[PDB]
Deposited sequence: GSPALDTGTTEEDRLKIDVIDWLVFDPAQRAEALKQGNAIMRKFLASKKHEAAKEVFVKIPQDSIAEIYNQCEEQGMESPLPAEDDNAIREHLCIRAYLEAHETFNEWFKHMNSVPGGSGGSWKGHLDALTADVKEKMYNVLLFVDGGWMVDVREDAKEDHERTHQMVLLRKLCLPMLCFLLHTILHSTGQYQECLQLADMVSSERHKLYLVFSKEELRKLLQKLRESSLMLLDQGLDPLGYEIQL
């Protein structure tokens, strides 16, 4: 009710090119809300309303950038990176079950591709996903709160999608190196995991060391000697 109004408005904010940063910001706000409630299509619908050129557009209204606008952009890219991660997983998944030599060939392409989209989000450049790169922005506690929650909401999920993808296709050594990734002090992905999820993660990797031992390799997938 209060939400349907805002998104109906995105259509008007996208009208005037001179107010393109505002579209971007207000578009981000909604999707931050959607994604907070796991509503991936809800968010994807708002997304497609952004003119897919709106960023080159903003850069042209400057060429002289405001923190808030610099962030709206990074955040918009984040939210994109995140939707692509899920759509490619859907695609990959479909294919892992179609089961009709061009097939496997396309399968490795998908596996290799979703792997990348996942890592894109997990190790999002220069700060990480839903993390502002600009501190001089005007105080906004609601946004800051929301962004901190999305890292807790969406980040661990992708970690598990990622393990699956890797295990599902025998990349078991890489599965165990998720341990490297999550505990890395570079990103501290670990401090957005609940103890419940860290356990879940640990137990999934066990399944992966069993599969490695099953091949005459050590639990981490290395040779014995």
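Engineer: Where along the deposited sequence are residues missing from the model?
Structural biologist: Unmodelled stretches, in sequence order: 1-10, 75-80, 117-120, 246.
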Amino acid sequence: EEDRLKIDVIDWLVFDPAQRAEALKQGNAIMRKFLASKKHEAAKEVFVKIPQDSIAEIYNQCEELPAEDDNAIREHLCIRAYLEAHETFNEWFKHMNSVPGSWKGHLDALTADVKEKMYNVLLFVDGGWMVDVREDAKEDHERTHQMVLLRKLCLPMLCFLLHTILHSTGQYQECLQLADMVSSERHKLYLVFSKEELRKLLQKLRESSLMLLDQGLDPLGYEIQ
From here on, numbers count along this sequence of modelled residues.
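Engineer: Per the PDB record, is the mean Cα temperature factor higher over 54-62 or over 39-47?
Structural biologist: So the stretch with the higher mean C-alpha B-factor is 54-62.
Engineer: Taking the recorded C-alpha temperature factors, which stretch has the higher mean, 113-121 or 90-98?
Structural biologist: Comparing 113-121 with 90-98, the higher average CA B-factor belongs to 90-98.
Engineer: Just the C-alpha B-factor column, please: which of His141, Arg80, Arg74, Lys152 has the biggest number?
Structural biologist: Of the options given, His141 has the highest CA B-factor in the PDB entry.
Engineer: Could you tell me which third, lowest, middle or highest, the C-alpha B-factor of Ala23 occupies within its chain?
Structural biologist: Its C-alpha B-factor belongs to the middle third of this chain's values.
Engineer: Lowest, middle or highest third: which one holds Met147 when the chain's residues are ordered by CA B-factor from the entry?
Structural biologist: For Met147, the deposited C-alpha B-factor lands in the lowest third.
Engineer: Quick check for you: using the entry's CA B-factors within this chain, is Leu201 in the lowest, middle or highest third?
Structural biologist: Its C-alpha B-factor belongs to the lowest third of this chain's values.
Engineer: Once the chain's modelled residues are ordered by C-alpha B factor and cut into thirds, is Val133 in the lowest, middle or highest one?
Structural biologist: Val133: CA B-factor falls in the middle third of its chain.
Engineer: Taking only the Cα B-factors deposited for this chain, tell me whether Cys175 sits in the lowest, middle or highest third.
Structural biologist: According to the entry, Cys175 has a C-alpha B-factor in the chain's middle third.
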